[PDB]
Number of protein chains: 2
Amino acid sequence: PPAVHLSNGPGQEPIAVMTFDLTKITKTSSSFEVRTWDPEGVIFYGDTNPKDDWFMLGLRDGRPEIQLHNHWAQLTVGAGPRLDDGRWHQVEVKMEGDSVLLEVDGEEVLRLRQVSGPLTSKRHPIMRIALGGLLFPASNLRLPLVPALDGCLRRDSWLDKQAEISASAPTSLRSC
Amino acid sequence: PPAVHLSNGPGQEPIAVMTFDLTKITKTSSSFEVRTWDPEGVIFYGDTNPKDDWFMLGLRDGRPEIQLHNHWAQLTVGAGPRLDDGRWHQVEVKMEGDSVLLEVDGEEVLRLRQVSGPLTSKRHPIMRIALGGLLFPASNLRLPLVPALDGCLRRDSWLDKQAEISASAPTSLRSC
Ligand SMILES: C[C@]12CC[C@H](O)C[C@@H]1CC[C@@H]1[C@@H]2CC[C@]2(C)[C@@H](O)CC[C@@H]12
Ligand SMILES: C[C@]12CC[C@H](O)C[C@@H]1CC[C@@H]1[C@@H]2CC[C@]2(C)[C@@H](O)CC[C@@H]12
Ligand SMILES: [Ca+2]
Ligand SMILES: [Ca+2]
């Protein structure tokens, strides 16, 4: 299975950005496998607005961390086991009603409840997903961390491929 | 080791309430072991103000759930494995800087960051801890649940015993 490096060069920007049309979404889940020895960094970021409607899944002290900022909630939460042990880990993020669920290696490790309304029914119908980086300065995070994540990603599926509008990459993706 | 039932009668109120003087606190951690087959309910509640400075640790769908409401954050978060398997489980809740940490059976399963300033340096210097129930109607929770927790508690330590002002129990505690 083809795998890509989650950091390019200095690791100051995402390795890829995908844009989706929220009105065409019929699937909200995203899943992938990640391998790394890096204890801190951004796995993926998402927003419909970089100022007040954004989300970030990363690692801090080797463990998953989600920072989220929208009309309903603003939080910085760590959960789950360390993933920086150099082993492949299955990760899944999805919506379940008004909640965001995080599953690691088959187990639910975190459920952020009351954080969102239906996606398709959101104001701005365009969602951006960035891999290995944010779409705003790391210093503007609720809790800053250094975004560079020295790791590999494979078997990824992002939201609903049928709603994907476009995909870009500042620089060509590197294979692991 | 002596153990007590976490629910008395209809399970509409806590089995015990302890009050502490925050200025005398030198230890914030609380720990105990719990056993139960009940998937939903309140393990313990805490506040300095039932309207806008409160906290609740309970179970929903068998898993830990924390609801917290204060000047800095307002959240409803689920995390960790199910604990309603009828086996004894070690649980520890403590402050680590501005974060609230939750450990289950020796493992950190949840860290709510940026949710609080130093306790000793809080406005109202009195904190109440209630076991097996809340100090306000369940309907006023951020996300209501039925508080009755049919389970047993033992080996409990609450905050700093040297700062404990008093302890009450609506009805006499029952042994498991
Ligand atoms: C977590 C989700 C959904 C599951 C999907 O698998 C990944 C995306 C990333 C973007 C999140 C969105 C949930 C809703 C958010 C928090 C909006 O309020 C602002 C950014 C959005
Ligand atoms: C979680 C803590 C601390 C660890 C201790 O072991 C238990 C108590 C319960 C009460 C919490 C407090 C943390 C600060 C809170 C959220 C205040 O803002 C309002 C209620 C307080
Ligand atoms: Ca890193
Ligand atoms: Ca119950």
# chains A, B, ... in the order shown; residues from 1 in each chain; ligands from 1

call {"tool": "interface_residues", "arguments": {"of": "chain B", "to": "chain A", "cutoff": "9 Å", "atoms": "only C-alpha atoms", "output": "list in words"}}
result
residues 65, 73, 74, 75, 76, 77, 78, 79, 80, 81, 107, 108, 109, 110, 111, 112, 113, 114, 115, 142 and 143 of chain B

call {"tool": "residues_around", "arguments": {"residues": "residue 19 of chain B", "least_positions_apart": "3", "cutoff": "9 Å", "atoms": "only C-alpha atoms", "output": "PyMOL selection string"}}
result
chain B and resi 126-130+163-168

call {"tool": "atom_distance", "arguments": {"atom1": "atom CA of residue 12 of chain B", "atom2": "atom 16 (C, counted along the ligand's line) of ligand 2"}}
result
22.4 Å

call {"tool": "residues_near_ligand", "arguments": {"ligand": "ligand 1", "cutoff": "7 Å", "atoms": "only C-alpha atoms and all ligand atoms", "output": "list in words"}}
result
residues 28, 29, 30, 45, 46, 47, 48, 53, 54, 55, 68, 69, 70, 93, 94, 95, 100, 116, 119, 129, 158 and 159 of chain A

call {"tool": "write_last_selection", "arguments": {"atoms": "N, CA and C atoms", "output": "PDB file, in the first residue's frame"}}
result
ATOM      1  N   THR A  28     -19.247  11.623   6.152  1.00  0.00           N
ATOM      2  CA  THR A  28     -18.388  12.595   6.824  1.00  0.00           C
ATOM      3  C   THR A  28     -17.098  11.992   7.353  1.00  0.00           C
ATOM      4  N   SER A  29     -17.053  10.679   7.481  1.00  0.00           N
ATOM      5  CA  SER A  29     -15.866  10.057   8.029  1.00  0.00           C
ATOM      6  C   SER A  29     -14.594  10.209   7.197  1.00  0.00           C
ATOM      7  N   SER A  30     -13.471  10.174   7.900  1.00  0.00           N
ATOM      8  CA  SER A  30     -12.154  10.232   7.298  1.00  0.00           C
ATOM      9  C   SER A  30     -11.363   9.182   8.062  1.00  0.00           C
ATOM     10  N   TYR A  45      -5.838  19.095   9.202  1.00  0.00           N
ATOM     11  CA  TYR A  45      -6.572  20.286   9.581  1.00  0.00           C
ATOM     12  C   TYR A  45      -7.789  20.415   8.677  1.00  0.00           C
ATOM     13  N   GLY A  46      -8.839  21.055   9.180  1.00  0.00           N
ATOM     14  CA  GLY A  46     -10.022  21.249   8.372  1.00  0.00           C
ATOM     15  C   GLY A  46     -10.752  22.515   8.757  1.00  0.00           C
ATOM     16  N   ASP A  47     -11.404  23.158   7.787  1.00  0.00           N
ATOM     17  CA  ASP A  47     -12.174  24.376   8.056  1.00  0.00           C
ATOM     18  C   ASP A  47     -13.154  24.716   6.941  1.00  0.00           C
ATOM     19  N   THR A  48     -13.994  25.714   7.203  1.00  0.00           N
ATOM     20  CA  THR A  48     -14.902  26.277   6.211  1.00  0.00           C
ATOM     21  C   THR A  48     -14.573  27.768   6.330  1.00  0.00           C
ATOM     22  N   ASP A  53     -14.131  28.780  12.139  1.00  0.00           N
ATOM     23  CA  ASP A  53     -14.776  27.508  11.885  1.00  0.00           C
ATOM     24  C   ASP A  53     -13.696  26.578  11.405  1.00  0.00           C
ATOM     25  N   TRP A  54     -12.862  26.136  12.343  1.00  0.00           N
ATOM     26  CA  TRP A  54     -11.753  25.250  12.014  1.00  0.00           C
ATOM     27  C   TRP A  54     -11.568  24.083  12.992  1.00  0.00           C
ATOM     28  N   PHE A  55     -10.723  23.135  12.596  1.00  0.00           N
ATOM     29  CA  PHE A  55     -10.465  21.920  13.363  1.00  0.00           C
ATOM     30  C   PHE A  55      -9.058  21.429  13.091  1.00  0.00           C
ATOM     31  N   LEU A  68     -10.449  22.636  18.281  1.00  0.00           N
ATOM     32  CA  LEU A  68     -11.602  22.911  17.440  1.00  0.00           C
ATOM     33  C   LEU A  68     -12.129  24.270  17.834  1.00  0.00           C
ATOM     34  N   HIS A  69     -12.549  25.045  16.839  1.00  0.00           N
ATOM     35  CA  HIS A  69     -13.100  26.362  17.102  1.00  0.00           C
ATOM     36  C   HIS A  69     -14.234  26.676  16.142  1.00  0.00           C
ATOM     37  N   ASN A  70     -15.449  26.763  16.679  1.00  0.00           N
ATOM     38  CA  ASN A  70     -16.607  27.113  15.864  1.00  0.00           C
ATOM     39  C   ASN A  70     -17.658  27.820  16.708  1.00  0.00           C
ATOM     40  N   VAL A  93     -11.933   9.525  12.066  1.00  0.00           N
ATOM     41  CA  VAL A  93     -12.617  10.683  12.613  1.00  0.00           C
ATOM     42  C   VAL A  93     -13.944  10.813  11.895  1.00  0.00           C
ATOM     43  N   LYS A  94     -15.024  10.938  12.657  1.00  0.00           N
ATOM     44  CA  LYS A  94     -16.315  11.094  12.027  1.00  0.00           C
ATOM     45  C   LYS A  94     -17.322  11.837  12.875  1.00  0.00           C
ATOM     46  N   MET A  95     -18.404  12.231  12.214  1.00  0.00           N
ATOM     47  CA  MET A  95     -19.503  12.929  12.847  1.00  0.00           C
ATOM     48  C   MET A  95     -20.535  11.897  13.273  1.00  0.00           C
ATOM     49  N   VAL A 100     -18.173  14.759  17.399  1.00  0.00           N
ATOM     50  CA  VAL A 100     -17.019  14.383  16.594  1.00  0.00           C
ATOM     51  C   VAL A 100     -16.393  13.215  17.364  1.00  0.00           C
ATOM     52  N   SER A 116     -21.175  20.419  16.914  1.00  0.00           N
ATOM     53  CA  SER A 116     -21.539  20.787  15.553  1.00  0.00           C
ATOM     54  C   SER A 116     -22.916  20.374  15.062  1.00  0.00           C
ATOM     55  N   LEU A 119     -23.280  18.941   8.740  1.00  0.00           N
ATOM     56  CA  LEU A 119     -22.338  19.592   7.821  1.00  0.00           C
ATOM     57  C   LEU A 119     -23.023  20.160   6.578  1.00  0.00           C
ATOM     58  N   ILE A 129      -9.581  20.544   3.582  1.00  0.00           N
ATOM     59  CA  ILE A 129      -8.876  19.579   4.429  1.00  0.00           C
ATOM     60  C   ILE A 129      -7.394  19.678   4.050  1.00  0.00           C
ATOM     61  N   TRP A 158     -10.807  10.723   2.618  1.00  0.00           N
ATOM     62  CA  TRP A 158     -11.196  11.992   3.222  1.00  0.00           C
ATOM     63  C   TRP A 158     -12.623  12.420   2.907  1.00  0.00           C
ATOM     64  N   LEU A 159     -13.460  12.440   3.940  1.00  0.00           N
ATOM     65  CA  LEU A 159     -14.860  12.814   3.789  1.00  0.00           C
ATOM     66  C   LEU A 159     -15.526  12.031   2.661  1.00  0.00           C
TER      67      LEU A 159
END

call {"tool": "closest_atom_pairs", "arguments": {"of": "chain B", "to": "ligand 4", "cutoff": "10 Å", "atoms": "only C-alpha atoms and all ligand atoms", "output": "Markdown table"}}
result
| residue | atom | partner | partner_atom_place_in_ligand_line | distance |
| --- | --- | --- | --- | --- |
| B:7 | CA | ligand 4 | 1 (Ca) | 9.1 |
| B:11 | CA | ligand 4 | 1 (Ca) | 8.7 |
| B:36 | CA | ligand 4 | 1 (Ca) | 9.5 |
| B:37 | CA | ligand 4 | 1 (Ca) | 8.8 |
| B:38 | CA | ligand 4 | 1 (Ca) | 5.1 |
| B:39 | CA | ligand 4 | 1 (Ca) | 6.1 |
| B:40 | CA | ligand 4 | 1 (Ca) | 4.3 |
| B:41 | CA | ligand 4 | 1 (Ca) | 4.6 |
| B:42 | CA | ligand 4 | 1 (Ca) | 8.0 |
| B:58 | CA | ligand 4 | 1 (Ca) | 9.8 |
| B:59 | CA | ligand 4 | 1 (Ca) | 8.4 |
| B:60 | CA | ligand 4 | 1 (Ca) | 8.8 |
| B:61 | CA | ligand 4 | 1 (Ca) | 9.9 |
| B:62 | CA | ligand 4 | 1 (Ca) | 9.6 |
| B:145 | CA | ligand 4 | 1 (Ca) | 8.7 |
| B:146 | CA | ligand 4 | 1 (Ca) | 6.3 |
| B:147 | CA | ligand 4 | 1 (Ca) | 6.3 |
| B:148 | CA | ligand 4 | 1 (Ca) | 4.6 |
| B:149 | CA | ligand 4 | 1 (Ca) | 4.3 |
| B:150 | CA | ligand 4 | 1 (Ca) | 5.7 |
| B:151 | CA | ligand 4 | 1 (Ca) | 8.7 |

call {"tool": "atom_distance", "arguments": {"atom1": "atom CA of residue 171 of chain B", "atom2": "atom 9 (C, counted along the ligand's line) of ligand 2"}}
result
22.4 Å

call {"tool": "select_by_dssp", "arguments": {"residues": "chain B", "states": "helix (DSSP H, G or I)", "output": "list in words"}}
result
residues 22, 23, 24, 138, 139, 140, 161, 162 and 163 of chain B

call {"tool": "write_last_selection", "arguments": {"atoms": "C-alpha atoms", "output": "mmCIF file, in the first residue's frame"}}
result
data_model
loop_
_atom_site.group_PDB
_atom_site.id
_atom_site.type_symbol
_atom_site.label_atom_id
_atom_site.label_comp_id
_atom_site.auth_asym_id
_atom_site.auth_seq_id
_atom_site.Cartn_x
_atom_site.Cartn_y
_atom_site.Cartn_z
ATOM 1 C CA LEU B 22 -9.398 26.071 48.433
ATOM 2 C CA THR B 23 -6.781 28.218 50.194
ATOM 3 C CA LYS B 24 -5.597 25.205 52.196
ATOM 4 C CA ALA B 138 -29.860 16.764 35.953
ATOM 5 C CA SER B 139 -31.901 18.687 33.390
ATOM 6 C CA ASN B 140 -29.589 21.665 33.873
ATOM 7 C CA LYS B 161 -8.058 16.030 53.256
ATOM 8 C CA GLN B 162 -6.323 18.816 55.196
ATOM 9 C CA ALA B 163 -8.502 21.362 53.400
#

call {"tool": "closest_residue", "arguments": {"among": "B:16, B:50, B:66, B:156", "to": "residue 144 of chain B", "atoms": "only C-alpha atoms"}}
result
B:66

call {"tool": "closest_residue", "arguments": {"among": "B:4, B:134, B:56, B:104", "to": "ligand 2", "atoms": "only C-alpha atoms and all ligand atoms"}}
result
B:56

call {"tool": "residues_around", "arguments": {"residues": "residue 169 of chain A", "least_positions_apart": "6", "cutoff": "8 Å", "atoms": "only C-alpha atoms", "output": "ChimeraX atom specification"}}
result
/A:14-17

call {"tool": "atom_distance", "arguments": {"atom1": "atom CA of residue 43 of chain B", "atom2": "atom CA of residue 98 of chain B"}}
result
22.7 Å

call {"tool": "closest_residue", "arguments": {"among": "B:35, B:160, B:21, B:137", "to": "ligand 2", "atoms": "only C-alpha atoms and all ligand atoms"}}
result
B:160

call {"tool": "decode", "arguments": {"residues": "segment 37-69 of chain B", "atoms": "N, CA, C and O atoms", "output": "short mmCIF file (atom, residue, chain, number, x, y, z; two decimals), in the first residue's frame"}}
result
data_model
loop_
_atom_site.label_atom_id
_atom_site.label_comp_id
_atom_site.auth_asym_id
_atom_site.auth_seq_id
_atom_site.Cartn_x
_atom_site.Cartn_y
_atom_site.Cartn_z
N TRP B 37 -22.20 -2.28 36.63
CA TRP B 37 -22.71 -2.86 35.39
C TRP B 37 -23.58 -1.78 34.75
O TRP B 37 -24.09 -1.96 33.66
N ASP B 38 -23.73 -0.65 35.45
CA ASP B 38 -24.55 0.48 35.01
C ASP B 38 -23.83 1.32 33.95
O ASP B 38 -22.74 1.85 34.18
N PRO B 39 -24.44 1.46 32.76
CA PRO B 39 -23.82 2.24 31.67
C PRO B 39 -23.95 3.77 31.78
O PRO B 39 -23.25 4.49 31.06
N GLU B 40 -24.85 4.25 32.63
CA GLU B 40 -25.08 5.70 32.74
C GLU B 40 -25.24 6.22 34.16
O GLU B 40 -25.85 5.58 34.99
N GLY B 41 -24.69 7.40 34.43
CA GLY B 41 -24.83 7.95 35.77
C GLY B 41 -23.68 8.84 36.21
O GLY B 41 -22.68 8.98 35.51
N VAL B 42 -23.84 9.41 37.40
CA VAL B 42 -22.84 10.31 37.95
C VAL B 42 -21.95 9.62 38.96
O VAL B 42 -22.45 9.02 39.93
N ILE B 43 -20.64 9.71 38.75
CA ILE B 43 -19.68 9.15 39.68
C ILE B 43 -19.45 10.26 40.70
O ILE B 43 -19.64 10.05 41.89
N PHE B 44 -19.05 11.44 40.26
CA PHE B 44 -18.91 12.54 41.21
C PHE B 44 -19.05 13.89 40.52
O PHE B 44 -18.85 14.02 39.29
N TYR B 45 -19.42 14.87 41.32
CA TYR B 45 -19.66 16.23 40.86
C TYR B 45 -18.86 17.18 41.73
O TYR B 45 -18.57 16.88 42.89
N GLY B 46 -18.50 18.33 41.17
CA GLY B 46 -17.77 19.31 41.94
C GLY B 46 -18.06 20.72 41.48
O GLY B 46 -18.33 20.92 40.29
N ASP B 47 -18.03 21.68 42.40
CA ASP B 47 -18.27 23.09 42.05
C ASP B 47 -17.79 24.05 43.12
O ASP B 47 -17.34 23.63 44.18
N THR B 48 -17.83 25.34 42.79
CA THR B 48 -17.55 26.42 43.73
C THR B 48 -18.79 27.30 43.54
O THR B 48 -19.01 28.24 44.30
N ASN B 49 -19.57 26.97 42.50
CA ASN B 49 -20.81 27.69 42.13
C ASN B 49 -21.63 26.78 41.19
O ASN B 49 -21.21 26.49 40.07
N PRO B 50 -22.82 26.33 41.63
CA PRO B 50 -23.65 25.45 40.80
C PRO B 50 -24.16 26.05 39.49
O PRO B 50 -24.61 25.32 38.61
N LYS B 51 -24.10 27.37 39.36
CA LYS B 51 -24.56 27.99 38.13
C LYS B 51 -23.48 28.10 37.04
O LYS B 51 -23.70 27.73 35.89
N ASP B 52 -22.29 28.58 37.41
CA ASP B 52 -21.26 28.76 36.39
C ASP B 52 -19.83 28.32 36.72
O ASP B 52 -18.89 28.81 36.11
N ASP B 53 -19.67 27.44 37.69
CA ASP B 53 -18.35 26.94 38.00
C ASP B 53 -18.54 25.56 38.55
O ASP B 53 -18.41 25.34 39.76
N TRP B 54 -18.84 24.62 37.66
CA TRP B 54 -19.08 23.24 38.06
C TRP B 54 -18.42 22.20 37.15
O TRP B 54 -17.92 22.51 36.06
N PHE B 55 -18.42 20.95 37.61
CA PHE B 55 -17.78 19.84 36.92
C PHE B 55 -18.51 18.55 37.24
O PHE B 55 -19.02 18.37 38.35
N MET B 56 -18.55 17.64 36.28
CA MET B 56 -19.15 16.34 36.54
C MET B 56 -18.40 15.22 35.82
O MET B 56 -18.07 15.36 34.64
N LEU B 57 -18.12 14.14 36.54
CA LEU B 57 -17.52 12.95 35.93
C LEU B 57 -18.60 11.89 36.07
O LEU B 57 -19.12 11.64 37.16
N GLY B 58 -18.96 11.27 34.96
CA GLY B 58 -19.96 10.23 35.02
C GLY B 58 -19.68 9.22 33.95
O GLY B 58 -18.57 9.18 33.39
N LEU B 59 -20.67 8.38 33.67
CA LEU B 59 -20.56 7.41 32.60
C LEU B 59 -21.76 7.61 31.68
O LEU B 59 -22.84 7.99 32.13
N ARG B 60 -21.54 7.38 30.39
CA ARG B 60 -22.62 7.43 29.40
C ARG B 60 -22.20 6.33 28.42
O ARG B 60 -21.05 6.30 27.95
N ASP B 61 -23.11 5.41 28.14
CA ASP B 61 -22.81 4.30 27.25
C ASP B 61 -21.63 3.53 27.81
O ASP B 61 -20.78 3.04 27.07
N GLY B 62 -21.57 3.44 29.14
CA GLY B 62 -20.49 2.72 29.81
C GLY B 62 -19.13 3.40 29.91
O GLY B 62 -18.25 2.93 30.65
N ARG B 63 -18.95 4.51 29.21
CA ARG B 63 -17.66 5.20 29.21
C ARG B 63 -17.63 6.49 29.99
O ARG B 63 -18.66 7.15 30.17
N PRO B 64 -16.45 6.88 30.48
CA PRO B 64 -16.33 8.13 31.24
C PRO B 64 -16.83 9.31 30.40
O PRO B 64 -16.66 9.34 29.19
N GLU B 65 -17.46 10.26 31.07
CA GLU B 65 -17.91 11.48 30.44
C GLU B 65 -17.67 12.61 31.42
O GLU B 65 -17.98 12.50 32.61
N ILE B 66 -17.08 13.68 30.92
CA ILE B 66 -16.89 14.84 31.75
C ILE B 66 -17.66 16.00 31.13
O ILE B 66 -17.61 16.21 29.91
N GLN B 67 -18.41 16.69 31.98
CA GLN B 67 -19.10 17.90 31.59
C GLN B 67 -18.49 18.93 32.51
O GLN B 67 -18.30 18.68 33.70
N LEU B 68 -18.17 20.09 31.97
CA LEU B 68 -17.52 21.11 32.77
C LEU B 68 -18.03 22.45 32.29
O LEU B 68 -18.22 22.65 31.09
N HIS B 69 -18.25 23.36 33.23
CA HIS B 69 -18.72 24.69 32.89
C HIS B 69 -18.11 25.74 33.81
O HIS B 69 -18.39 25.76 35.01
#
